[PDB]
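Each chain is listed here by its residues.
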Amino acid sequence: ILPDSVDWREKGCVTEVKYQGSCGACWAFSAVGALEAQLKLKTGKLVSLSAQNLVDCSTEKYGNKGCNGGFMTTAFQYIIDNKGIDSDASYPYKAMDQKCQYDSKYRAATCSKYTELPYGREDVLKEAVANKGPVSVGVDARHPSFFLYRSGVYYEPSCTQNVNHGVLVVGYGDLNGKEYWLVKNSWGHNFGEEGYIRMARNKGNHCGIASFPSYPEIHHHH
Amino acid sequence: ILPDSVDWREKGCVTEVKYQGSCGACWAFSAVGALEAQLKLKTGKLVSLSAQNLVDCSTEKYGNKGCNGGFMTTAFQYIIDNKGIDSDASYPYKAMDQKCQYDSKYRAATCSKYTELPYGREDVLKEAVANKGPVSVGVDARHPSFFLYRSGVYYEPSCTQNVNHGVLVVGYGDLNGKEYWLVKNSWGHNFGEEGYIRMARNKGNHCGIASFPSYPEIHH
Ligand SMILES: N[C@@H]1CCc2nc(-c3ccccc3)ncc2C1
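**Q** Can you explain the overall build of chain B? Please cite residues and give values.
**A** For chain B, the count of helices and strands is five helices and 10 strands. The C-alpha radius of gyration of chain B comes to 16 Å, within 12% of the 17 Å expected for a compact globule of 220 residues. When the backbone C-alpha atoms are referred to their principal axes, chain B occupies close to 50 × 35 × 30 Å. Taken over 220 residues, chain B has a buried fraction of 55%. Summarising the internal contacts of chain B: among those between residues at least 6 apart in sequence, 71% fall at separations of at least 24.

Here it is as structure tokens:
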């Protein structure tokens, strides 16, 4: 029976909140976050992975422009095709398009595949967050109410399914009746609740949270 | 000799902070803000003017795409060419592109002209804020540090002169040595210090604040 609450931070599967600065690498942070959790689940070790690696090395090949944007799914693809990604420690974030410095010497994780969840299914998404781990998602963040959020459950009447900002669902619960998704952002500790936003859940796929959900799996890392 | 500090709010020339919602109408808010001040200076009455008027009616002919962006200068142009703009009360903000609904009977201010200030001149900008009134400016606000500002003087090392966001300089001063521009934003009271951000001043045209400054006048 799915529990009332899930917080993957409690189970040591979520790294410190990152700060993307002026570089539009929200997709890179969403993807590394999801795989960070799958890494902790397989190896028992929590290691920040290199978002910089995805900005530098996951480019033209499918459809990523580094600091000018990209997709979580194609970021997973690159990790499969390269059979690796470097630790953040070995390949630190500098918030700019640099030349590829990928190689397997400071490799910290791999990826065998990734699963796209069905559009708008907030009951499926809840099952995935409970039983598989954090889930990469897009949200609609066009609304100043999003960047201004400080606490509580976020409900924006004017929100849409036309998502534009990659983030990571690390859990779910209820604040005194009001049901929510626990979302890790890449805007540093000063955004929302130490870098998290609780977003309205079971309220009509609010801001398209359940529009484009994906999670990677590590069948055999070495 | 110009004063060390200026805050146009002290002299009742600045309306409540507005909230643009999902519509990229920052330019429309910047323009009405500047004219709001000139209106109070001429008539002695503080009246919120219609940003929605500029979004609906200052469009293709003025190089403006409503909720997808525009310029304060061409917004002023439209007010001159239309020979007025409606009050916010008569023509409320709806944060979407509507068809023009301008009515001359609810006209609340006019505009005889506008002055573009020279690129990067933070000494000229200071002279205009001191002697003329609040100044419409563009800033670079692409940086999460900008949206997330809570208090103090804003300095972002990664900031550029590639401005993307219309705001209004309502004054200047220094907080404990650090010189600043007092900037009114259109993101409601919960942004920054009740809707204001103090931005680094005399620090290399920081975030292109002095890149494209303009102010309107109501002459005759
Ligand atoms: N000669 C024009 C004068 C006005 C202007 N205004 C902007 C701007 C203002 C607000 C928001 C986004 C761009 N950019 C460029 C220019 C150049």
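Now, onward.
**Q** Report on the UniProt feature "active site" in chain A, specifying residues and quantitative values.
**A** Residue and element names in this part refer to chain A. The positions UniProt marks with the feature "active site" are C26, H165 and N185. In three dimensions, the annotated residues from a span of 160 residues occupy one location, with a maximal C-alpha spread of 9.3 Å. Tracing the backbone shows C26 in helix α1 (residues 26-43). Apart from residues lying up to four places away in sequence, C26 is in contact with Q20, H165, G166 and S186. One can find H165 in strand β7 (residues 165-175). Look at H165 and you get buried, because its relative accessible area is 7%. Leaving out residues up to four positions away in the same chain, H165 has contacts with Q20, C26, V137, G138, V139, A141, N185 and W187.

**Q** Provide a residue-level description of the pattern of salt bridges, including the pertinent values.
**A** Where charged atoms of side chains with opposite charge meet at close range, the side chains can pair. Residue and element names in this part refer to chain A. For the coordinates displayed, the defined rule picks out 10 salt bridges over all chains. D123 is paired through a salt bridge with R121; the nearest N and O atoms lie 3.3 Å apart. Given the relative accessible area of 40%, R121 is considered partly exposed. Where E193 meets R198, a salt bridge forms, and the shortest distance between an N and an O atom there is 2.7 Å. Using a relative accessible area of 17% as the deciding quantity, one classes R198 as buried.

**Q** Run through the state of the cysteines, naming residues and quoting values.
**A** As used in these notes, a disulfide is a covalent bond between sulfur atoms, one from each of two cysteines. Residue and element names in this part refer to chain A. Counting across every chain of the model gives five disulfides over all chains. Here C23 engages in a disulfide with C67; their sulfurs sit 2.0 Å apart. Residues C23 and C67 share a disulfide whose torsion about the S-S bond is about -90°; that sign makes it left-handed. Residue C23 is located in the loop between β1 (6-7) and α1, and its partner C67 is located in the loop between α2 (51-57) and α3 (72-82); the two are separated by 44 residues in the primary sequence. Classification of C67 by relative accessible area gives buried; the value is 17%.

**Q** Describe the UniProt feature "active site" in chain B, listing the residues and the values that go with them.
**A** All names here are of chain B. UniProt tags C26, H165 and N185 as "active site". Secondary-structure assignment places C26 in helix α1 (residues 26-43). Ignoring any residue separated from it by four or fewer positions in sequence, one finds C26 in contact with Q20, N164, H165, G166 and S186. You can see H165 is positioned in strand β7 (residues 165-175).

**Q** Could you give me a rundown of the UniProt feature "disulfide bond" in chain B, with the residues and numbers involved?
**A** Residue and element names in this part refer to chain B. At 16 Å between sulfur atoms, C13 and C111 fail to form the disulfide that UniProt records. Turning to its location among the elements, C13 is positioned in the loop between β1 (6-7) and α1. When you line up the elements, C111 lands in the loop between β3 (107-109) and β4 (113-116). The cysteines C57 and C100 carry a UniProt disulfide annotation, and their SG atoms are 2.1 Å apart, under the 2.5 Å mark, so the bond is there. A residue pair is termed long-range when its members are at least 10 positions apart, and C57 in helix α2 (residues 51-57) and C100 in the loop between β2 (85-86) and β3 qualify at 43 residues. You can call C57 buried: its relative accessible area is 11%. Its relative accessible area of 49% is what places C100 among the partly exposed residues.

**Q** I'd like to hear about α1(A), residue by residue, with values.
**A** With 18 residues, α1(A) extends 26 Å between its outermost C-alpha atoms, agreeing within 8% with the 26 Å of an ideal straight helix rising 1.5 Å per residue. Within α1(A), 14 of the 18 residues are buried, which leaves the element mostly enclosed by the surrounding structure.

**Q** Give me the nonpolar core: which residues, what numbers.
**A** In a soluble, globular protein the nonpolar side chains are often hidden away together inside. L54(A) and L54(B) are the most contacted members of the largest nonpolar core, which totals 137 residues. Setting aside its immediate chain neighbours within four residues, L54(A) contacts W27(A), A28(A), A31(A), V32(A), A75(A), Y78(A), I79(A) and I85(A).

**Q** Residue-level account of the site of the ligand, with values.
**A** Residues and elements named next belong to chain B. The full set of residues close to the ligand is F71, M72, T73, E116, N164, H165, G166 and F212. One of the side-chain N or O atoms of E116 is found 3.5 Å from a nitrogen atom in the ligand. The protein chains hide 73% of the 410 Å² of surface that the ligand would expose on its own. Only α3 (72-82) and β7 provide two or more residues apiece to the shell around the ligand. In terms of residue class, the shell around the ligand is built from three nonpolar, four polar and one charged.

**Q** Pulling in residues and values, what's your account of the layout of surface pockets?
**A** Quantified by volume, the second largest pocket comes out at close to 160 Å³. Every residue lining the second largest pocket is listed: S145(A), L148(A), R150(A), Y19(B), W187(B), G188(B), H189(B) and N190(B).

**Q** I'd like a description of the UniProt feature "disulfide bond" in chain A, backed by residues and values.
**A** All names here are of chain A. Look at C13 and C111: UniProt has them disulfide-bonded, yet their sulfurs are 16 Å apart, which rules out a closed bridge. Structurally, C13 is set in the loop between β1 and α1. Inspection of the secondary structure puts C111 in the loop between β3 (107-109) and β4 (113-116). The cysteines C159 and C207 carry a UniProt disulfide annotation, and their SG atoms are 2.0 Å apart, under the 2.5 Å mark, so the bond is there. Taken as a pair, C159 in the loop between β6 (153-154) and β7 and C207 in the loop between β9 (196-200) and β10 (214-217) lie far apart in primary sequence, 48 residues in all. Using a relative accessible area of 2% as the deciding quantity, one classes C207 as buried.

Calculation notes
- Residues numbered from 1 in each chain as written, not as in the entry; some residues may be left out.
- Chains lettered and ligands numbered in written order.
- Heavy atoms only, no water.
- Helix = DSSP H or I, 4+ residues; strand = E, 2+ residues; numbered from the N terminus.
- Rg over C-alpha atoms; globule rule 2.2 N^0.38 Å.
- Buried < 20%, exposed > 50% of the residue type's maximum accessible area, 1.4 Å probe, protein only.
- Contact = heavy atoms within 4.5 Å.
- UniProt positions renumbered as here; feature names shortened; annotations may be inferred.
- Salt bridge = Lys/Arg side-chain N within 4 Å of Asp/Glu carboxyl O.
- Disulfide = S-S within 2.5 Å.
- Expected span 1.5 Å × (residues − 1).
- Core = buried A, V, L, I, M, F, W, Y, C linked by side-chain atoms within 4.5 Å.
- Near = heavy atom within 4 Å.
- Polar contact = N/O pair within 3.5 Å; in protein donor to acceptor, adjacent residues only side chain to side chain.
- Areas by Shrake-Rupley, 256 points an atom, 1.4 Å probe, with all protein chains shown as cover.
- Nonpolar A, V, L, I, M, F, W, Y, C, P; charged D, E, K, R; others polar.
- 1 Å grid on protein atoms, 1.4 Å probe; cavity = no way out; pocket = protein on both sides within 12 Å on 5 of 7 lines; lining within 4 Å.
- Points joined across faces, edges and corners; volume = space filled by probe spheres on them.

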